[PDB]
Each structure stands twice: as structure tokens, then as C-alpha cells.
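Okay, so here's just one chain, in C-alpha cells, the form deposited in one PDB entry.
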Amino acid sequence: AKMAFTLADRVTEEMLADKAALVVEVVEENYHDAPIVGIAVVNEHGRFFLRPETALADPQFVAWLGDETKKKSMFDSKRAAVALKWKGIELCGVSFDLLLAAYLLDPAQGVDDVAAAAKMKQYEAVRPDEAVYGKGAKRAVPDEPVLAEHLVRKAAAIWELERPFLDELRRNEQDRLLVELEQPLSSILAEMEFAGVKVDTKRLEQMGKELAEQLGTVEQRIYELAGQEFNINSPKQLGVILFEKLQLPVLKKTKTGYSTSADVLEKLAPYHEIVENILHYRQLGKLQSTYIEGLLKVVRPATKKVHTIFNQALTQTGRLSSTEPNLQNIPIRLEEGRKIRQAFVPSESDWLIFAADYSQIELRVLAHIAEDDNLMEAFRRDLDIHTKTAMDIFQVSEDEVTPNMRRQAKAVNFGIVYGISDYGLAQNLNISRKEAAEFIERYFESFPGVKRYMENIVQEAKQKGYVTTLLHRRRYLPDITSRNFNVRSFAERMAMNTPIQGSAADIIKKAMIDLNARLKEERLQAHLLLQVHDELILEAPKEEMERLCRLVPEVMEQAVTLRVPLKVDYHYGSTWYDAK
């Protein structure tokens, strides 16, 4: 805890070495158009703190930032890159990101500051961010000497930790996953976030006006059926109305009282019509609160764009998540909500939205990893996999599969991937549990490779302590041998599912890197706007659609070679809604 550094007034030459640890500090959680509060550089020649007002205005330092041959090691480089884009400055030459390194080594650690990564190698010459800045309403940037020491200690930690982290990744055969996948993807996500998605606010506002009217009508209908006014958005008050006033059967309880979940309310429809009304109301209410009001609150008014942040180092399976706003959960399943997508429009005139999605990628990945003959053959023939499972389960010819049979079979196919039990399947389908049990039993008799995979992967997790994905992502499962049934079972289901969900994440990430390269190689104006787990959304001039129609699906299908084909569907139109 005796670290010397130069609190510099101007930029000098020794600060611009061809290798440095760099800290560009953005304290606001949402880094879009957020202030840069300080800069630190550590390199061969010493340790330096710079004021942004000075440094970001100095052409030598800006030139260095954007010089791809001057290599930088950082933590959360995407944060810095985007904050710099808002200042009109390009960051290049990031060769090591400690956030992403820590994430690959163990996603469960929840590393989101340098001190937490430093903890993984018993390095303690740096403080947690929360300790320096404070929390909540107490959050503030400290006096310059305090800030400066903190930023320098973060840069110094990155400097000393790079090698130890690379050495462990290399031992895990994850070094290429960092350097050739996650780090390049970080730059692509930075582009997507900064570009943002344009919103038709006039349309959204009109939809909200109509929604408020409809909400009011449904609300009063509910109070009439209930015989009383109450807060419909209060599961507690609702529970009193349903299970005490109206005396409907209690199908499920939670730790706090009666359950009013959608699952339960659906099953109460034979008892009282009010439950269908309430379900409708809570749907409409979430549209209004989240996809109208919440969305309008984050639109930048001068440009009418929304700028999400894709968290690349959060999920336990290798997926991205999307926040403020979340653009990975925009409604699509009910037509009423799906219309929200009409408000998502191209950023330029005479441009269109192009959306491409993988068809059943998790089931194709399962087929591959399990090497199940019958499942692989189905995908090779492009037989409808839900129709196929229905024939095996119900033991009928293909022409005898009723749309209901297929419905149930779809539920089985998707449920197997999550380790669903017969209880869960029976409740999902609202069918006999004896029957649900036989469906699961027949499924595994029909796809014995899948059954072997499920057994083998749990045994592997118990023996190694972790499971792995196609591109070598890991997830540790220290609870897999717990003596407690609930704890152990949850970990076994994680063991089953994580290689599937995580490999699918690996594939779409590689596809984004390959797609970006191809777009840039052909000088297309098309660019990525969003990723939604198994879907990619782009915008482009209308002239480029013919090209994207061939290029995007091809790049996506060819991202990795499995034992079965990957299949991609695609559409385009004048709004996200119309790209269907």
C-alpha cells in the first residue's frame, strides 16, 4: 500500500507507450453520454493520472487512444469505448479485458469490479469501487488525490493480473475464447449500443393513449365481477378477493401467501370468469408500465433512439443480457403486445429492419452433443421435430398427429432441455400427471442417446465439478453432490441444460463476429442493432435486402459445424413488427 504515481497536468511522451494498463473511469452505471471522471495509465515507465478535460482534449493522447498498435489492458473496455464514443473519441488496441477474463474463469463469482477480479489471485492492493464512491444517494466522486490513487491502483492491478489471468485461461483452453470471441464481440456490442434503435414516439404515445382507455374498461369490469374495488396489481389484495371473498380453491401457496400466478389463474377459469379478466388486465398493465411509459422514459428525445447496454459478463451460461431498457423482452407472443414492435423503426429513411432467427438451435445442439441417432436423423431430413416427438410418444403415424398432440409434444421437447419433471409437465399442459409421466418415459425410450447424455453429463459434473460448452465456456457446480434433494436436483438440471444453452450462446456470438466481418468486407451499410439470444436484428438500406437475405442466414448457419444442420429463418420490413 505504498504506490507512487504522477498526478500529471499535461500528457507526456512516456505515457504513450506501446503497451499500457488503461483506466477510463465512468462512474454512472449507465455509461451512455456519461461523464469520464478520471484517467490512469500504467506502463513500462511508471504510473500516471490524467484529468479528462486535459487528456481528452490533447491530440497526442487521443491519437494514442485510437492507435490500434498501442495495446491497452483494461477492465470493462466496452464501458470506456462507448463513453468515449459519446465524447467523439475512438478507442482501439484493447488486447486484454480483465472483466471478460474473470467472467470466463468463473461466471459465478459475479465479478463486476477490479478488486473482485484481483481477489481471484489474492491481489489486495486495490479497493472495491463501492468503497471509494459509496452507495445509493451517498454515491459521489471523491477528492482528486483519493480518486487518482484509486484509478492508479486499478490500472496497476490490471497490469500485474494480465499474465496470471491469461496463464489460467490458457491452462483451461479458454484463451482463444477470450481473445478471439469475447473480446472482439465486446467491440461489436459497443457499436450496437452506441448506434441505438430509433423509436416512433408518436406511434408509441398513441398506443399508450388507447391502452389507458382499454385498461380502464377492463378494470371496471373486474370490480363489477368482484363486487368491490381493490388494487388488481397487488397479489396480496387479489388473493383476498379470489380465495376469501369468492372462495375459489387454493391451488398453490408461496412463502408470503396465496399464489396468483398466471398458471394458477388459468386453472381457475372453470370457477369464475373474473380470472381471465384479471390476467388480461395484468398483461395490459405491464404493456403500459414497461413498454410504453418505461420505454418513453429512456428515449433520447433529440434523436428518438434508445441505447441499451448488453451485459456481457453476467449470465451463468454465456448469454448476454440487456438493460435500461431491456430490448431482449419486447412482446411478441400475443398480438396486443406484439404491436409495440411497430414503434421500433429504422434510423434512416428508406431503410428496413431485417430479423434472422435460428430454428430450434437448442434442440439441434442437443442432437449434436448427445449424438442421438434418431434425433440427428430427424434434423437431417428437416422433419418437424414436434411432429416427430408426437409420433413416438402417442405411437401414431404422422398423419394421425392432431395439433393438440403436437402441442403437447412441443412442450415435451422444450421441457426435456430444462429437466422438466412429470409434475411440471402435467401442470404446464394441464393434463393428467400419469400421462405426463408416460410422455417423458416414452420420449427417453425414443431418444436413448438423449437419455444417455443426461446421465453422462451429470456424472461428468460430479466428477469434475463443472460442465463445459462447445467453445470451452465453463460453469462450476459445487452443489452437484449436495445431500439435500432440492439443492442437488437444481444443480443436476443446470448440468444438463448449461452445455446446451451455453453452446447455443457460443454459436450466435461467433456468428456475430463472422457477420460483422462479412458486412465490413463488402462495404455494406447494414449493421447489427440487437441480439435476442437466438436472433439477430439489423437495419439496412432497402436496396441491400436481397443481399442480406442470402448473406445473414448463411453466415449464421455456417458459424460452427455440427453433426446436424443449423437452420435460420429471416424476414424484413418497415418496422420490427413487420419483419415477420
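Counting begins at 1, following the sequence as shown.
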Check your understanding: Mean C-alpha B factor from the entry: is it higher for 404 to 412 or for 281 to 289?
Key -> 404 to 412
Study note, to complete from the structure: Of 347 to 355 vs 177 to 185, the stretch with the larger average CA B-factor in the entry is 347 to 355
**Study point:** Given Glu362, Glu193, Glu205, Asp392, the residue at which the Cα B factor reaches its maximum
**Key:** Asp392
Point to revise | Options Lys72, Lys510, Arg380, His307 - largest CA temperature factor per the record | key: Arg380
Point to revise | Entry-reported Cα temperature factor of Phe61, expressed as the chain third it lands in | key: highest
Practice item. Could you look up the Cα B-factor of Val146 in the entry and say which third of the chain it sits in: lowest, middle or highest? Key: middle
Review point. Among the chain's modelled residues, which third holds the C-alpha B-factor of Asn311?
Key: lowest
Review point. Thinking about Cα B factors across the chain, which third does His527 belong to?
Key: middle
Exercise for review: Going by the recorded CA B-factors, say which third of the chain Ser77 sits in, lowest, middle or highest.
Suggested key: lowest
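There is also a form deposited in another entry; it is not shown, and the following applies to it.
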Exercise for review: Would you mind checking which of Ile292, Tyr418, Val141, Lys462 is at the hinge, with one rigid block turning on the other between this form and the one not shown?
Suggested key: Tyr418
Study note, to complete from the structure: Evidently the Cα separation of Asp357 and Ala409 changes by 3 Å or more in the other entry, so the atoms lie closer
Check your understanding: So the C-alpha spacing of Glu435 and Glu400 changes by 3 Å or more in the other entry; is that change toward closer or farther than shown?
Key -> farther
